[PDB]
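A quick write-up on the structure given underneath.
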Amino acid sequence: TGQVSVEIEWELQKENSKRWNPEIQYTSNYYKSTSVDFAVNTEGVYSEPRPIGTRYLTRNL
Amino acid sequence: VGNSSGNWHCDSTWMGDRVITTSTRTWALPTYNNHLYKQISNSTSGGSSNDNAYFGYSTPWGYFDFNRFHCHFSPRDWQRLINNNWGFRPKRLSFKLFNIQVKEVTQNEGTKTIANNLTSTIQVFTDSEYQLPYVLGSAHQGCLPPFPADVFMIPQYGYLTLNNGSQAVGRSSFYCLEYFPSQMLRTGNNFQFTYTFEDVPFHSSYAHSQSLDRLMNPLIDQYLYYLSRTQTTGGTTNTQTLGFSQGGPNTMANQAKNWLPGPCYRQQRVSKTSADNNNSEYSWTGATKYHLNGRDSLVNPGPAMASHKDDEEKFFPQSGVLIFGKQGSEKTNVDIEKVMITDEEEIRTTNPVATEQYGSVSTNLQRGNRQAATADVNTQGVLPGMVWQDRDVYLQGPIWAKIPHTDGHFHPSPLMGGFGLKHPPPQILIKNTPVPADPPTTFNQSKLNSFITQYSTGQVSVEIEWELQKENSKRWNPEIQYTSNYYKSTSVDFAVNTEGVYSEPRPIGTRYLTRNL
Amino acid sequence: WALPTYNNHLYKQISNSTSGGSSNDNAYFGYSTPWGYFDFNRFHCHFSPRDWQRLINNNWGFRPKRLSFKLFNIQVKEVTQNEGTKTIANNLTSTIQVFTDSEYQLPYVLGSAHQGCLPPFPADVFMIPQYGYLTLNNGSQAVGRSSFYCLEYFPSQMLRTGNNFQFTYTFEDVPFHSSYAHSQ
Amino acid sequence: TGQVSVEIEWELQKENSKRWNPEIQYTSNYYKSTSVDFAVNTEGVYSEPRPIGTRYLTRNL
């Protein structure tokens with residue numbers, strides 16, 4: 001056995017949109033939940049609430 | 001104030017393999033919604049159609065519309081171009097704007113005096129980052145006057161977003177250019193800027209000297225074989241057999257070729273002769289269309305296609321091509337005589353005909369007890385081995401279009417024809433600056449709604465430097481050309497009747513010169 | 001923006017006058033001056049919504065350091081109200097004058113969130129709210145120590161049409177307002 | 001009358017939190033609404049849907 005790691009250097013095109021109206025975003029809803037999100041239940045098993053997309057920010061066509 | 005903001009530079013010149021052009025024209029500027037924004041959906045309506053639902057905003061601003069050709073080339077010159085070169089591509093683009101003036105208007109008792117208010121202003125800008133919804137590529141009327149001496153008003157401006165009937169979604173956006181830097185401008189002060197295109201495939205303005213099925217030699221035969229017999233033919237008896245043969249000059253139809261025709265979309269046919277069409281309203285029902293997000297929309301003009309086959313001058317695709325209207329035409333239900341249709345006989349060379357099947361194929365595998373299956377194909381995608389030519393352009397047509405900034409685009413050649421770009425020329429927008437009326441003597445929380453209604457005007461021009469591949473063909477026989485027929489006509493062509501209205505006789509194509517395939 | 005005259009270029013005195021009736025709690029004493037001023041002490045006046053958002057979801061704190069100010073394209077209109085028929089033209093030869101108080105000798109008016117801030121929106125237009133201050137008062141009367149100022153006592157870049165005016169200032173050290181919550 | 005402007009140059013301390021769980025954010029809800037947010041009704045009057053706070057991102061105490 002043993003441990004390993006991996007490094008990844010990426011590139012990214014930051015947004016330049018001048019849309020005035022506040023776009024949509026990704027967030028954990030603010031209401032109260034018994035079991036947090038992406039947390040680990042009292043047992044230690046780690047689970048995800050929902051799948052996650054990336055097409056969130058709206059850019060002009 | 002006492003100095004012109006520049007000279008009227010409007011000419012056409014040819015220095016060789018390049019061509020420069022510019023056209024000066026005089027415009028006008030009206031305010032809108034009294035400098036107020038708006039919201040638009042089934043409101044100032046039509047009633048209920050997920051297909052005719054929209055959502056946008058009318059802004060107090062205006063913009064320029066010159067995405068056509070009859071706006072940069074007088075007819076004759078265009079002609080010059082046609083009969084001598086095979087292809088071209090626009091490289092440079094300049095823009096000048098000057099001689100601004102400001103008028104105000106007091107409508108007292110119907111008596112209105114119009115003088116100038118030399119101290120007012122305006123502001124314009126450009127979008128070199130394309131953050132604003134592109135408006136062109138829609139061929140909206142109000143282009144620079146096809147003519148030079150007339151004058152015009154600048155069409156207001158409005159865009160749209162992702163909508164759901166009469167309601168919008170959360171992701172729907174909303175912009176306001178009042179958020180963009182803009183060279184302010186007062187009378188007497190000028191404004192201009194400049195941009196340059198990027199690499200683009202010269203739109204080939206020529207036809208082909210051969211068709212996809214006649215590219216071989218007539219005096220010889222392929223050294224290959226093909227299936228020519230399924231049964232015996234020697235008397236009065238039928239039995240399973242196999243006769244193979246080569247491809248000869250007399251059986252050219254069967255000879256194995258190497259390439260393949262272009263892509264297609266079947267469409268219903270129609271006639272120019274009223275009585276030969278079925279008697280049923282299928283304009284919207286029997287029409288070719290696609291389905292998207294529930295909203296069913298027509299597919300016009302659709303992909304590149306052929307208008308008709310030989311001698312079918314009576315027909316054309318239901319919604320497969322362009323159409324034009326002689327000057328003086330109105331909005332709806334006008335007849336065929338107030339319009340002009342586009343002939344596409346030039347592509348039968350390589351592309352299929354819209355009102356025609358793409359071809360047939362089989363649906364089963366026969367045996368001595370199973371019959372040979374054969375179906376039809378009216379819908380066709382592309383495969384390795386195809387070649388075609390995009391829709392030809394017309395003088396009274398569009399010039400380029402904005403390629404959607406996406407991850408996937410294929411042979412982005414626009415459908416109306418023209419040129420595409422990942423970074424198209426820009427959009428320039430202007431508006432009259434707001435100037436409030438007499439405000440109250442005390443304070444009032446609310447903003448203002450009372451202003452002096454006014455308008456402004458002036459002249460502008462644009463320079464375009466292009467590229468062109470002159471012909472090298474050694475065809476011996478005299479090709480065809482474009483010319484005004486030599487007989488006598490009461491009203492000249494591209495002239496102006498005794499009234500001054502300027503109209504075009506017919507639409508104009510470019511695929512005139514025939515170059516070898 | 002736009003600019004209206006006031007009290008026909010005249011000063012005033014104000015206490016339980018153009019009133020309410022009797023309240024040592026609603027007693028005041030001030031002066032309405034023919035002058036006007038600027039009101040932009042808010043945020044929806046410098047940040048469109050979206051952008052503000054951008055700011056929020058990425059940074060913890062911030063502090064404004066630099067501040068510039070430009071002002072131009074002035075025009076002058078006059079008004080003749082004859083028989084209800086009023087022609088509005090311009091009088092390009094008239095003028096105005098503005099100044100600034102870098103010594104803070106004038107009663108500060110902001111910090112009161114008075115309406116009339118720059119339009120939260122950019123395309124609309126607005127009038128500039130008149131200006132008036134107050135002093136130490138005693139009901140409907142003032143005290144001896146009450147003061148009385150007149151800016152007509154201050155230098156002011158005069159200004160005629162076509163001529164521009166601008167100036168500049170820079171903040172000083174301030175604790176970045178922490179825009180975040182706590183995890184415990 | 002006339003036009004004016006103002007320039008403001010600020011400073012900002014970008015976040016360094018290594019919270020693993022996805023924090024909360026500010027966004028216009030994704031459902032469908034007749035009148036957009038921070039838009040202008042068919043009349044041109046511009047109005048705001050709700051007031052806006054800044055204490056959104058959670059940093060450790």
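What to note about this one:
- Failed item in (1) at the interface with another protein chain (Cβ under 7 Å from one of its Cβ atoms); (2) surrounded by fewer than 17 Cβ atoms within 10 Å (Cβ to Cβ), with D:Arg50 passing the rest: (1)
- Taking residues in the range D:35-46 that are within 7 Å of chain B (Cβ to nearest Cβ) and closer than 15 Å to B:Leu448 by Cβ, and partners anywhere that are of a type in the set (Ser, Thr, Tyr) and crowded, with 21+ Cβ neighbours inside 10 Å, the pairs with Cβ atoms closer than 7 Å and at least 6 places apart or on different chains are D:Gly44/B:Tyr37.
- Qualifying residue in the range B:401-416 (condition: more than 30 Å from C:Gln75 (Cβ to Cβ), surrounded by 14 or more Cβ atoms within 10 Å (Cβ to Cβ), hydroxyl-bearing (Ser, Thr, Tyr) and touching a strand residue (DSSP E or B) at 6+ places or on another chain (Cβ under 8 Å)): yes
- Residues located in the range D:1-34, provided they are over 17 Å from the mean Cα position of the chain (by Cα), within 8 Å of chain B (Cβ to nearest Cβ) and either among the acidic types (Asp, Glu) or closer than 18 Å to C:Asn58 by Cβ (or both): none
- Residues of the range C:156-178 satisfying the condition of being within 29 Å of B:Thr442 (Cβ to Cβ) and part of a loop (DSSP other than H, G, I, E, B): C:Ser156, C:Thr161
- Checklist (1) within 13 Å of chain C (Cβ to nearest Cβ); (2) surrounded by fewer than 16 Cβ atoms within 10 Å (Cβ to Cβ) applied to B:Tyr175, failing item: (2)
Results for (1) acidic (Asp, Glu); (2) over 19 Å from the mean Cα position of the chain (by Cα); (3) surrounded by fewer than 17 Cβ atoms within 10 Å (Cβ to Cβ), shown as yes or no for each residue.
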| position | (1), (2), (3) |
| --- | --- |
| B:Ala306 | no, no, no |
| B:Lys314 | no, yes, yes |
| B:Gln318 | no, no, no |
| B:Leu322 | no, no, no |
| B:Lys326 | no, no, yes |
| B:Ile336 | no, yes, yes |
| B:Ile341 | no, no, yes |
| B:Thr350 | no, yes, no |
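Rundown of residues vs (1) free of Cβ contacts under 8 Å to residues at least 60 places away in the same chain; (2) of a type in the set (S, T, N, Q); (3) surrounded by fewer than 19 Cβ atoms within 10 Å (Cβ to Cβ), yes/no style:
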{"residue": "B:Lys431", "(1), (2), (3)": "no, no, no"}
{"residue": "B:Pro436", "(1), (2), (3)": "yes, no, no"}
{"residue": "B:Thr442", "(1), (2), (3)": "yes, yes, yes"}
{"residue": "B:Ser461", "(1), (2), (3)": "no, yes, no"}
{"residue": "B:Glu467", "(1), (2), (3)": "no, no, yes"}
{"residue": "B:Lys470", "(1), (2), (3)": "no, no, yes"}
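- Residue within the range D:19-37 that is surrounded by 13 or more Cβ atoms within 10 Å (Cβ to Cβ), over 30 Å from B:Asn34 (Cβ atoms) and acidic (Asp, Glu) present: yes
- No other residue among A:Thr1, A:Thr27, A:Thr34, A:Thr42 is in a loop (DSSP other than H, G, I, E, B), within 30 Å of C:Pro122 (Cβ to Cβ) and among the β-branched types (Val, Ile, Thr) apart from A:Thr27.
- Strands (runs of 3 or more DSSP E) contained entirely in the range B:66-137, each with at least 2 residues that are within 29 Å of B:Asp392 (Cβ to Cβ) and under 31 Å from the mean Cα position of the chain (by Cα): B:85-104
- If only residues of the range B:50-64 that are assigned to a loop (DSSP other than H, G, I, E, B) and in contact (Cβ under 8 Å) with a residue 60 or more places away in the chain are counted, the one that is farthest from B:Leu298 (Cα to Cα) is B:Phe64.
The numbers here are math on the coordinates, done by the rules we state, and not lab data. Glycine also receives a Cβ, built like all others from the backbone with ideal geometry; neighbour counts cover every protein chain displayed.
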